[PDB]
Amino acid sequence: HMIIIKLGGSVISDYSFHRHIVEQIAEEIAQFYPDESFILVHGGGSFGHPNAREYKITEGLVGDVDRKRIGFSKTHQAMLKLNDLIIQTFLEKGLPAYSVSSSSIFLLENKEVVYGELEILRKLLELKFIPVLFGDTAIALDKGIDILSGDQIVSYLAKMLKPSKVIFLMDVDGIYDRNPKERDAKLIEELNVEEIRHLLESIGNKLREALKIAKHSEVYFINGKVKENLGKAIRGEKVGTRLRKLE
Amino acid sequence: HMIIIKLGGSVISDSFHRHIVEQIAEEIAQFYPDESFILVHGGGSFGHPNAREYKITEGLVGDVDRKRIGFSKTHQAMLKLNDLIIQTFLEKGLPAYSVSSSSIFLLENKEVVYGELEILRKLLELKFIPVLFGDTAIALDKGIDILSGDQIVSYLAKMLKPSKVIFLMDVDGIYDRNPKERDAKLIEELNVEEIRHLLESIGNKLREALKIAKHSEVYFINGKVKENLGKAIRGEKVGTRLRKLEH
Ligand SMILES: Nc1ncnc2c1ncn2[C@@H]1O[C@H](COP(=O)(O)OP(=O)(O)O)[C@@H](O)[C@H]1O
Ligand SMILES: Nc1ncnc2c1ncn2[C@@H]1O[C@H](COP(=O)(O)OP(=O)(O)O)[C@@H](O)[C@H]1O
Ligand SMILES: CC(C)=CCOP(=O)(O)O
Ligand SMILES: CC(C)=CCOP(=O)(O)O
């Protein structure tokens, strides 16, 4: 009875910010809160990618370690600024969004969460709060520092909290049989593991994490810039790309 | 071999005293990275108004829908002040990293009864400087509550057992009478019996200090004079000194 919604990076922003679509997402959620429990995870957007790439966080604690520590902290602060933008938008619509710093509760190894703290998340959901996490800088056991993607957060949360469904808000209507740039690109309504592996053999992080998530939850990939898509996915109606739970 | 420094809300705000934070950072730089440091700061003029307004200390009672929104608003203001302090520390070349207190702690009777400490340890190991703040917090009894900096410091003292805990205050230390009286005398060496004498006649800080002294040496110093922090870190004579309890 809990839904995890992953706000795409290109969805919420591009240091830009699309207030209108965040209001749309909040209004959509308000039609189901507080009857359903929601965890939100928002991407780095135009706030975290600048500093992460400028400081090359994914390289680890190598070379100029002092500059990399400073940039680690600056990138986290920028992500906190974006998180505040989103949280304020959600509060304005009457929804009690509450911020949870991903780097405070997660440890990384090989881009994957290998250590987590979920009790405060559980209690937040129990008191009918909407916890809002974000792709973040994170301490990595192998390379000191790394970038924890929102997809990995969602996969850890999926395998630990076993939500009812996981909804990915993307810039496209769902998963396509080819690159949507191409002219003949067709949208896959019902996704299966066969076409997922076929697509991977030729974004890929998203398909891999979705393969893992589908073990525990039903997955949706929808276009987050159209309001009714979120409600349709929450209500289980036909919308976007559906990846049913692997049985 | 690690020192916890608690920045009182009166020296960091009451508003933002950038110069005092800059002095604290310049003093800390004399020991980084040979000494491990954790920093906790209060609400000052950021979390105190919101917490007084939304009546967070009453818990989840009355109009709870407003209480949740105010809980979140207070946390966001705390994050804003935290960012001010963090950016100040970063400009001076110290890798201060923001740890969200409400993300890793759970309260009962205003005391931390649940806590996540592994990320703090990993931050200290990788020569980072964690910076926590007095915060809003989930309470197991009243739903929501205000987690003060003194309680954070007492919990971290129990768990991590720092070499010392240093309280930065508006005054030179613990006095005989109130410092507003002309004849007040500064107690340069505090013991259990002098503490107990003082309580029977701020008191929260003294109770927490009595608890902390079981694990660590405590210093009460004036945060407005730059050199006091370094005098306390090196163990020199400064302010009030509560030695670690023996038998
Ligand atoms: N078959 C496909 N179906 C859907 N999207 C695709 C496909 N092939 C390539 N893409 C592109 O990959 C992108 C995936 O975004 P992604 O990188 O997962 O977001 P984030 O940066 O938040 O992780 C989409 O914007 C889309 O343009
Ligand atoms: N016996 C005393 N010795 C020293 N200071 C005192 C005493 N009694 C009251 N005070 C004053 O009361 C004020 C309360 O400070 P407090 O708000 O507890 O610190 P913080 O800002 O860390 O919470 C202090 O600034 C201090 O000047
Ligand atoms: C700070 C940062 C780039 C986090 C990861 O972003 P995303 O969730 O992978 O879009
Ligand atoms: C959010 C809030 C009122 C924090 C209070 O912290 P502190 O007791 O001033 O250290």
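Atom set for the values below is all heavy atoms of this structure, side chains included, hydrogens, waters and symmetry mates excluded. Chain letters run A, B, ... following the sequence lines, proteins first, then strands; residues in each count from 1.
- Residue A/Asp66 does not touch chain B at all, counting heavy-atom pairs closer than 4.5 Å.
- Within the 4.5 angstrom heavy-atom criterion, atoms from both the backbone and the side chain of A/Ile105 approach chain B.
- Separating the CG atom in A/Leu124 from the CD1 atom in B/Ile144 is a distance of 11.5 Å, to the nearest 0.5 Å.
- Residue contact with chain A, scored on non-hydrogen atoms closer than 4.5 Å, involves the side chain of B/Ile86 exclusively.
- In the displayed structure, B/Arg234 atom CZ is contacted under 6.0 Å by more than 12 heavy atoms of other residues, nucleotides or ligands.
- Neither the backbone nor the side chain of A/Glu126 comes within less than 4.5 Å of any heavy atom in chain B.
- Taking all atoms of both residues into account, the shortest heavy-atom contact from B/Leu90 to A/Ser73 is CD1-OG, 3.4 Å.
- In this structure, A/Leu127 and B/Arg68 approach most closely via the heavy-atom pair O-NE, 2.9 Å.
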* Does the side chain to side chain contact (heavy atoms under 4.5 Å, CB included) test come out yes or no for A/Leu141 and B/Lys122, once each step is laid out? -> CA-CA 9 Å; A/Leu141 307 172; B/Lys122 281 290 163 295; 3.7 Å; yes
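- The contact between A/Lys81 and chain B is made entirely by side chain atoms (from C-beta outward), counting heavy-atom distances below 4.5 Å.
- When atom types are taken as modelled, the side chain of A/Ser101 and the backbone of B/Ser100 share no donor-acceptor pair closer than 3.5 angstrom.
- Proximity to chain B is absent for every atom of A/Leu121, based on heavy atoms less than 4.5 angstrom apart.
- Taking the six-membered ring where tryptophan is involved, the planes of A/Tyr98 and B/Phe71 are essentially parallel, since the angle between them stays under 30° and well short of 60°.
- Here CG of B/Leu60 is found 10.5 Å from NZ of A/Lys128. Values are rounded to the nearest 0.5 Å.
- The neighbour count for B/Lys226 NZ, taken as heavy atoms of other residues, nucleotides or ligands under 6.0 Å away, is above 12.
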* To do: Verify side chain to side chain contact (heavy atoms under 4.5 Å, CB included) between B/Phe89 and A/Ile70, making sure each step is shown before the conclusion.
  => CA-CA 10 Å; B/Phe89 260 81; A/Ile70 301 286; over 6 Å; no
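- Counting heavy-atom pairs closer than 4.5 Å to chain A, the top-ranked of the candidates B/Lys73, B/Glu116, B/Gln87 is B/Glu116.
- For a residue to count as touching a neighbouring chain, one of its non-hydrogen atoms must lie under 4.5 Å from one of that chain's; by this rule A/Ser102 does not touch chain B.
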* Going through the distances and angles, do A/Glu119 and B/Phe105 end up as a side chain to side chain contact (heavy atoms under 4.5 Å, CB included)? -> CA-CA 9 Å; A/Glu119 259 320 302; B/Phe105 291 134; over 6 Å; no
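- The shortest non-hydrogen separation linking B/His75 to A/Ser99 is NE2-O, 3.8 Å.
- Using a 4.5 Å cut-off between heavy atoms, A/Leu80 touches chain B through its side chain atoms alone.
- For A/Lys212, the NZ atom counts as densely surrounded, since its 6.0 Å shell holds more than 12 non-hydrogen atoms of other residues, nucleotides or ligands.
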